[PDB]
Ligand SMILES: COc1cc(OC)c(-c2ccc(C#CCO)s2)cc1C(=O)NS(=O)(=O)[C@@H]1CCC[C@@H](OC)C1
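A lone chain, given as structure tokens: the form deposited without the ligand.
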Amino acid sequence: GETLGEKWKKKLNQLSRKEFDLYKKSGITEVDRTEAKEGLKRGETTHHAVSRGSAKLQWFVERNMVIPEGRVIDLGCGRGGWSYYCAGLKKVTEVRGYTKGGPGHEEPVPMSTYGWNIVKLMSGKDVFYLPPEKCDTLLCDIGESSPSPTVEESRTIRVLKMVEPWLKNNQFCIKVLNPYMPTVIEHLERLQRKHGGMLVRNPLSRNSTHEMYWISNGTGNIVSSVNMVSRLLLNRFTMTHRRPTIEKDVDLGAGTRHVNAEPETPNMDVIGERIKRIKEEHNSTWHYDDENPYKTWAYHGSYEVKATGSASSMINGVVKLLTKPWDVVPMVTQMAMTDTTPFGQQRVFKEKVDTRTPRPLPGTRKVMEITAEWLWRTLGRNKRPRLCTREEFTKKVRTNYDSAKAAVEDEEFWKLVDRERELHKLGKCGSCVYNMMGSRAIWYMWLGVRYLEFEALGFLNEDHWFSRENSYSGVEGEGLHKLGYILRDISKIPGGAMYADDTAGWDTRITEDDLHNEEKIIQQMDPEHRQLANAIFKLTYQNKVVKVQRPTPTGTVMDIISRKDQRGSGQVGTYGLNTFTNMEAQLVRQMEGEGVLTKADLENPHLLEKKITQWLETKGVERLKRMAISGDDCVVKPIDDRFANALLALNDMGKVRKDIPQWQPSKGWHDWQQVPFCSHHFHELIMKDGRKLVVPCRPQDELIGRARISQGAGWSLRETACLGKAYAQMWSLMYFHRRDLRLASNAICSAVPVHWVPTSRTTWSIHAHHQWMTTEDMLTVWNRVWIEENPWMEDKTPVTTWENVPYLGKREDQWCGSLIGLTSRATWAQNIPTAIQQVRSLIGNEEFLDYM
């Protein structure tokens, strides 16, 4: 009675080498380690998982199969993948790793990922020589494979006997190398009867091993689950080969972890009513989950929900046909491995949102205070804040998931809005919640929340408070086709290089002090407006209640959480307030670069404001004109390059830069064409006419890949073609200078009917003016944008033909991702009208023209 596992093993060994290489990865889940390995080789110590182990453990922890807590002990820690992951978990307070080390064995790798200060990895530690210790969590990942089952059998038994005395009513996750051998089966059943738990297969395990993990949190039949894996591994022999499901690797953050500074203290007076109403509306499945993972957000309860969100995306057919050589390239397809599974949201939340920014120094808070007041007064020198209305909100909803067009039309919606507004006037909030993305009550509430925000704070956008004219540094309403010109104008200002540092997760870096300073605009409001805005700032912006989905072993739930600081990203006015605070922060950094702000000043509990006020009143506006600031994105050209080393205030404010050590000097550009801004850089093109154009540009694969993703999860063909045409129109207006794009532009537009009007939206950017969704000829639209209404184009004489509309320099094209070098492109370039003919065959018999 040679078991199924032994058959699988016998078949596994009887394989060809390439028949083996095929099978061992067929259909499994696998993390992309490319960035990590490249980062690790350059000696980086932050963010990176030290091995594939971090991701492997994540899978168990995600599903609460093991919940690391208290003192964690990690046997055979190796490089430390499991240990570093545990360091950032809510209830973990200490991690001890033991591993053998020496020749032929992995060695602990020092890192500075989040919680490193509670991780103690020791090499030279053979666990089979170690006396058991007290711990709340026991991890073990030891097990060396062997082509002989009985060899693995003895190795597995050895592990189990070593590891058993470590177990005592505590969490555990233990690797069982060979679980199908009958003697091992017998030992596990004895183990399960004493310590509980169950065997689980990890999808990240290759098919070349039958390994499973004995986890503490679960029950079930050991013999059953083992054969279930055996069967699966057997079927994966005969079945057709499936390349691995590629998964994004883990981000473990950076810096020391102070556990006692993590927990959130909610203002229950403010957010209480909101929780109660949610609780009442979902009373039948409402519960309080003590196993929630939230370290930094206050948890108030959960209710059950249906599982939403796929871990993939759905591809636009028409444009995938006409861009055939890009099925070859990774990035265009890598953009389609989006993950909005409830697991994916939870991973993003932990790694990006579940953090706390240390309170800025008293001197730093003073500078921000002074600068903010000065900035708001400057921004309101001409304009006044005003209330927006139902009428106004309705029009914008009409013109621009939208049954919102029906909601704003339903009178009962506005009745609810009125009801909630009267609460705000009394200092109460009843239903203002947002999501990390019931009937229509849930929908009306949410849309009513956004209206009240729009009503009180919408003027910032609607009245263009951050236009360049009104804000000096702003670019609101300008458009992607003008941004390049603005950067060119900035480069003409004498001083240092042009700097463009990205903040790591800007919205999560907004402090309580930032919120306090953004709030000061209410001082310029009329009384009734003021109390409404004051309600929005205090009740919903400084006390946020959030809905977030979370997978559980028993099903998906919706968690109700709260947080005082950070930016509510799903809230109206995010862009303006981000622009405001960023403007302030970049002024503060400029003061530091110029020596007006010193380290002593940041620490000084009673900083003198005469110096700051003086600097702002004499140089404030001039310094604002040195900047281009769009939300969290910024370009700064300081008066000299001391700015590069000005890091004290920037870091203390909490606006830590992305992808660079906290205290490493910044690096800028003097060639304004190499400067990144709003996901673009900008090139200067001299036309044959002699006149100059400044055009937006970005990596081509980013443009190709975004277009091979259609809207509507279940789209037809009349829409998918119309979406593809919209991208084509965009490409011919904004990226006409890219050879592949303009050619692929003339491919889509001739493979889609002329009576068809481009539907849906290309991308959602505030800089997108969408001039490419129109009635009209693409050359006539082009002339209007780039010549006629372009203020940086002196001579206005139109362009009659498409080839005095220039391309990029050819080498410049290739450098930005053009494929015109490869022969695969030139071949794609002759299969042109065949590919056209192929899609127009799918669509049917309508209006086709031909585009060269």
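In case it trips you up, residue 1 is the first one in the sequence shown, and so on.
This next part talks about the form solved in complex with the ligand, which is not shown.
From the list 551 to 559, 463 to 471, 762 to 770, 259 to 267, the contact stretch for the ligand in the entry with it bound under a 4.5 Å heavy atom rule is 762 to 770. Contact annotation for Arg698: at least one heavy atom lies within 4.5 Å of the ligand in the entry with it bound. The ligand in the entry with it bound is not approached by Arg567, whose heavy atoms all lie more than 4.5 angstroms from it. Contact check for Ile222: every heavy atom lies farther than 4.5 Å from the ligand in the entry with it bound. Put simply, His481 is close to the ligand in the entry with it bound: some heavy atom of it is within 4.5 Å. None of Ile370, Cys678, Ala298, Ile275 but one reaches within 4.5 angstroms of the ligand in the entry with it bound through a heavy atom, and that residue is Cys678. Interface residue among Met445, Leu452, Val408, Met734, judged by heavy atoms within 4.5 Å of the ligand in the entry with it bound: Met734.
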